[PDB]
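Here is the structure we will look at, set down as structure tokens.
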Ligand SMILES: Nc1ncnc2c1ncn2[C@@H]1O[C@H](COP(=O)(O)OP(=O)(O)CP(=O)(O)O)[C@@H](O)[C@H]1O
Ligand SMILES: [Ca+2]
Ligand SMILES: [Ca+2]
Ligand SMILES: [Ca+2]
Ligand SMILES: [K+]
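Written as structure tokens, this is what we have:
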């Protein structure tokens with residue numbers, strides 16, 4: 002169906018629905034059975059990055075050398091392409107495997123928190141899943157809700173209705189809707205002002221309509237078909259900078275070896291020698307270039323996102339992970355975010371006697387802490403019947419009629437309809453029973469709305485003035501049923523607008539001494555151990571005429587609140603979440619300065635920061651907290667200075683929340699806002715990272731880079747930890763390959779400078795890449811979090827990636843790894859059991875091999891080109907670089923406190939590589955391409971003896987790191 006133009010009567014008759022009741026269970030069934038619910051090569055390809063493009067060229071030019079039918083050896087040339095291609099597809103499959111597991115955790119998280127919608131059906137308004145909405149349902153949504161499906165407006169409960177069409181049309185400015193018909197069918201969607209389209213957000217107003225499209229038939233579903247954190251741009255620069263350094267050395271090695279082209283090992287020709295050293299340069303390039311750098315990125319990000327899904331935290335922005343790591347300060351909302359978001363009225367007071375500055379007191383306490391309509395009114399450990407007091411009856415009238423706020429039969433609990441703060445005013449009226457009406461004969465769903473239904477019948481609701489966050493009050497005007511204005515709002519804001527007080531039923535003007543009697547108790551409830559929210563309850567006994575008043579401007583409603591009469595004030599208890607006290611404590615240990623940006627009273631906010639940990643109980647607050655009205659009354663010199671020191675902000679308007687973030691960003695402070703309502707939407711947008719609770723508004727979820735299905739605030743601390751756990755893993759990844767592959771460069775330069783036969787065959791240089799730089803390097807993405815991961819200071823994006831001291835340890839480790847594999851091959855010539863005994867100053871020039879060269883006779887003939895030194899160099903090179911992989915588990919922590927088995931993915935990786943190293947040397951057909959199996963008894967005891975002290979070379983510098991930890 003495409004019924005859009007015609008009036009509301011014909012579209013309701015098309016579906017055969019009633020606006021009051023709605024569809025039934027069997028009518029939704031058929032409609033659900035007719036339209037339905039309401040809702050590989052590129053995957054494998056990780057090869058798009060620049061570094062992968064190099065080995066693909068190196069694998070092709072190596073494939074061309076094998077096409078010449080010689081390759082210096084018919085079987086050896088065939089191995090060079092496979093060694094290069096195996097490491098590329100291996101790192102690709104592992105990275106896709108983690109993206110495979112990452113997509114499996116996101117889909118399971120979608121089932122954990124399905125989108126919700128507010129509907130009217132035959133079985136009060138109820139909320140169900142968004143996919144169960146069928147065409148014909150009656151849907152009523154308010155400010156902050158996301159439009160679930162295409163809806164034809166049938167009624168508007170406000171003076172205006174604004175809808176944000178930024179997702180569908182691209183218009184950032186909201187447009188005003190209406191229930192009037194439109195003339196033309198095929199007009200553009202921007203001219204359709206009587207339709208609510210899915211995906212759009214409600215900017216202002218509260219409307220109710222009928223659904224005309226679901227699932228695929230949705231208007232936004234028609235078009236829906238068809245870089246990360248400059249660190250990666252820096253990594254793309256790092257990959258480009260490191261490649262040019264390697265490219266400069268490889269072309270230099272080919273020039274250094276220009277004099278060795280004519281050696282007899284190559285065949286006695288410059289062409290025969292240039293090709294062999296051209297393969298040396300290519301084998302050195304492929305070995306030195308990091309292969310799994312694009313793979314460790316996907317590995318760490320797919321590991322982190324899958325760890326966040328385990329803790330039930332949605333990540334809507336992929337790059338927003340490591341931005342959390344560099345977060346300097348975090349500022350979060352209080353209500354719903356730092357509290358358990360459970361409102362219930364526990365205390366209440368009115369005025370008893372007033373004379374001059376002397377005023378008396380009375381305190382009414384409410385038992386029970388739930389949303390259930392059961393409780394007892396008590397005063398001084400004694401029950402109180404609230405029928406005698408006319409002030410409590412008028413107080414109950416304010417709590418009931420100025421509010422628009426259902427028993428769950430499945431779980432057997434009462435759930436709130438609307439906001440939680442207003443819901444506590446509803447259950448408060450039910451507990452009073454001011455008119456002494458019998459409540460036992462009614463059912464549970466009838467008991468929860470029993471006392472409010474009686475007041476609704478006694479006093480008719482004429483019209484309502486919407487709540488605004490700037491004037492901090494909600495005004496309603498009532499009239500007895502057969503043909510009074512009373513307002514509730516902020517205590518410090520309404521009492522100033524109250525010029526009268528009603529002692530019992532007698533109204534007398536406001537006394538400045540009695541005004542302070544009320545505020546002192548409000549502060550004691552706010553700053554006490556209870557930390558209660560207070561709501562001033564007033565009534566305007568000189569109500570203005572209806573049409574004499576204007577409802578177009580919400581800011582003009584302050585004139586309508588002049589000459590109020592104070593009735594009373596109620597207290598509400600919303601305990602903080604049991605994990606928030608530890609969250610700020612770990613944020614203090616991580617250098618993150620926690621800020622509380624809320625709109626409630628400062629007396630309530632400063633008492634929280636003392637309980638939670640933002641402020642110490644022994645700490646005093648001199649200039650570390652300000653109200654919104656005090657924040658604007660500070661000189662510009664102290665205006666910015668307060669943003670750096672103050673860890674709490676109260677009574678701020680939604681326009682001031684976005685500014686506080688802007689003042690922090692001016693000092694280059696990385697911020698993170700956590701909010702639940704549309705109040706925080708300008709702040710969530712403006713901030714670097716936005717956080718919205720799972721029970722928060724959908725507008726806050728859209729602007730937030732994270733959504734917490736489990737609204738526990740402890741996830742924020744673990745979220746910053748994971749962004750800091752991907753950073754150090756990328757450090758250990760670069761820490762491993764650089765410090766190891768520099769020794770590969772030191773190896774080749776040392777053999778030429780010392781005067782020994784060159785270290786390894788180009789195939790022997792490509793093999794160590796497949797073993798040392800492959801799956802052992804990718805397994806570093808699975809490293810466990812470091813011991814000091816949440817105590818070390820945060821990251822500054824202005825500073826370079828590699829520190830000055832870290833560049834030193836890259837060389838210090840590279841000097842030993844390079845000299846160990848050369849000294850191993852040197853050991854075979856100097857003193858070897860199975861080898862010759864030829865020292866005589868290492869016979870620095872080995873080029874003299876025949877015949878019985880004078881003054882170097884030699885015990886035997888020329889034994890160069892023998893595999894025993896070459897394999898000795900590779901046996902240690904593979905072994906010493908596996909011992910270096912154990913050093914990359916932590917940054918500065920000793921290995922006796924970070925055991926090697928903390929990373930299970932690496933231990934099994936080294937055993938697979940060492941077995942692959944052993945499978946290669948010991949299986950008879952393989953040592954033709956490779957050269958010769960070494961000795962088992964004596965050599966491996968020497969390989970282990972040489973490859974072991976590299977662990978000592980690393981832990982002694984961690985001792986220096988444990989002595990003092992500075993970048994340098
Ligand atoms: N619906 C309502 N009617 C009357 N007064 C309200 C009200 N909602 C809040 N107030 C009061 O107005 C003052 C302003 O509160 P505001 O709504 O601007 O921030 P908040 O802290 O309540 C939202 P958050 O959950 O994000 O912390 C509060 O002190 C509150 O007591
Ligand atoms: Ca490599
Ligand atoms: Ca909130
Ligand atoms: Ca290597
Ligand atoms: K943002």
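In full-length UniProt numbering, the protein residues as written are 2 to 40, 50 to 133, 136 to 238, 245 to 423, 426 to 503, 510 to 994.
Backbone N, C-alpha and C fix where the C-beta goes; we use that ideal spot for every residue, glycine too.
With C-beta atoms as the reference, is residue 145 less than 8 Å away from residue 137? Going by C-beta atoms, residue 145 is not nearer than 8 Å to residue 137.
Check whether the Cβ atoms of residue 932 and residue 921 lie closer than 8 Å to each other. In this structure, residue 932 keeps its C-beta atom at 8 Å or more from the C-beta atom of residue 921.
Using the Cβ count rule (16 or more neighbours within 10 Å means buried), how would you classify residue 235? By the 16-neighbour rule on beta-carbons within 10 angstroms, residue 235 is exposed.
Answer yes or no: do residue 99 and residue 804 have a C-beta to C-beta separation smaller than 8 Å? Their beta carbons are not under 8 Å apart, which means residue 99 does not touch residue 804 by this criterion.
In or out: residue 887 buried (at least 16 other Cβ within 10 Å) or exposed? So residue 887 ends up on the exposed side.
Drop a sphere of 10 angstroms on the beta-carbon of residue 406, count the other beta-carbons inside from all chains shown, and report buried for 16 or more, exposed for fewer. With fewer than 16 other Cβ atoms within 10 Å, it is exposed.
Leaving aside the five residues before and after residue 418 along the sequence, list all residues of the same chain whose C-beta is less than 6 Å from its C-beta, in chain order. Within the same chain, Cβ atoms closer than 6 Å to the Cβ of residue 418 are found at 449, 472, 475, the five residues on either side in sequence being excluded.
Any heavy atom of ligand 2 closer than 7 Å to the Cβ of residue 134? No atoms are given for residue 134, which sits in the stretch of the chain between 133 and 136 that the model skips.
Return the chain-ordered ranges of every beta strand (DSSP E) run that is complete within the stretch 343 to 370 and spans a minimum of 3 residues. Whole beta strand (DSSP E) segments, 3+ residues: 347 to 350, 363 to 368.
What's the call for residue 373, buried or exposed, on a 16-neighbour Cβ count within 10 Å? Residue 373 is exposed by the Cβ-count criterion.
So, for residue 125: in the same chain, excluding its five sequence neighbours on each side, which residues have a beta-carbon less than 6 Å away from its beta-carbon? Result list for residue 125: 142, in chain order.
Own chain partners of residue 356 with C-beta closer than 8 Å, once the 5 adjacent residues on each side are dropped: Beyond the five residues adjoining it in sequence on each side, residue 356 comes within less than 8 Å, by CB distance, of 350, 602, 603, 606, 622, 634, 638, 739 in the same chain, given in chain order.
Residue 278 versus residue 299 - alpha carbon distance: Each residue's alpha carbon lies about 14 Å from the other.
Are there three or more Cβ pairs, one per stretch, closer than 8 Å when the stretch 322 to 334 is compared with the stretch 806 to 820? No contact exists between the stretch 322 to 334 and the stretch 806 to 820.
For residue 926, which residues from the same chain have a beta carbon less than 6 Å from its beta carbon, with the 5 sequence-adjacent residues on both sides left out? Here residue 926 has 912 as same chain residues with Cβ atoms under 6 Å from its own Cβ, once five neighbours each way along the sequence are excluded.
Looking only at DSSP bridge pairs, what is residue 773 linked to? In the DSSP output, where bridge partners are listed per residue, residue 773 has none listed.
Compare the C-alpha of residue 970 against each of 550, 905, 764, 22 and name the closest. Closest in alpha carbon position to residue 970, among 550, 905, 764, 22, is 905.
Across which residues does DSSP place residue 219 in a beta bridge pair? Its beta-bridge partners are 153, 168.
Let me check understanding here. Comparing Cα to Cα, which of 359, 271, 876 lies closest to residue 440? Minimum Cα distance to residue 440 is reached at 359.
Roughly how many angstroms lie between the CA atoms of residue 748 and residue 320, to the nearest whole one? Taking the straight line from one Cα to the other gives about 11 Å.
Strictly closer than 6 Å from CB to any heavy atom of ligand 5: give me those residues in the order they appear in the chain. Those residues are 710, 711, 713, 716, 731, given in chain order.
Measuring alpha carbon to alpha carbon, tell me which of 493, 228, 203, 160 ends up nearest residue 209. The shortest C-alpha separation from residue 209 is found at 160.
How long is the line joining the alpha carbons of residue 310 and residue 853, rounded to whole angstroms? Each residue's Cα considered, the two are about 34 Å apart.
Burial state of residue 114, where buried means 16 or more other Cβ atoms lie within 10 Å: With fewer than 16 Cβ atoms within 10 Å of its Cβ, residue 114 is classed as exposed.
Counting only the same chain and skipping the five closest in sequence on each side, list residues whose C-beta sits under 8 Å from that of residue 545. A distance below 8 Å between beta-carbons, with the five flanking residues on each side excluded, links residue 545 to the following residues of its chain, in chain order: 517, 518, 521.
My understanding is that residue 162 touches residue 230, with C-beta atoms under 8 Å, so please give their C-beta distance in whole angstroms. Contact between residue 162 and residue 230 is confirmed by a C-beta separation of about 6 Å, below the 8 Å threshold.
May I ask whether a heavy atom of ligand 3 can be found less than 7 Å away from the beta carbon of residue 355? Residue 355: yes, Cβ under 7 Å from ligand 3.
Using beta carbons (cut-off 8 Å, strictly below), is residue 778 in contact with chain B? Going by chain labels, chain B is absent from the structure shown, which holds only one protein chain.
Beta-carbon gap between residue 891 and residue 802 smaller than 8 Å: A distance of 8 Å or more separates the beta carbons of residue 891 and residue 802.
Buried versus exposed call for residue 733 [16 or more other C-beta atoms within 10 Å across all chains shown]: Looking at its Cβ environment, which holds 16 or more other Cβ atoms inside 10 Å, residue 733 is buried.
Taking buried to mean at least 16 other C-beta atoms within 10 Å of its own C-beta, is residue 190 buried or exposed? When all chains shown are included, residue 190 counts as exposed.
Cβ pair count under 8 Å reaching 3, the stretch 951 to 958 against the stretch 81 to 97: The stretch 81 to 97 and the stretch 951 to 958 touch, with three or more beta-carbon pairs separated by less than 8 Å.
DSSP state of residue 896, grouped into three classes? In the structure shown, the three-state DSSP call for residue 896 is helix.
Beta carbon of residue 798: closer than 7 Å to some heavy atom of ligand 4? Yes; taking the cut-off as 7 Å, the Cβ of residue 798 has a heavy atom of ligand 4 nearer than that.
Mind pulling the beta strand (DSSP E) runs of 3 or more residues that sit fully within the stretch 699 to 739? Annotation: the stretch 699 to 739 contains the following complete segments of the beta strand (DSSP E) (minimum length 3 residues), in chain order: 715 to 719, 732 to 734.
Would you kindly check if the distance between the Cβ of residue 649 and the Cβ of residue 668 is under 8 Å? In this structure, the beta-carbon distance from residue 668 to residue 649 falls below 8 Å.
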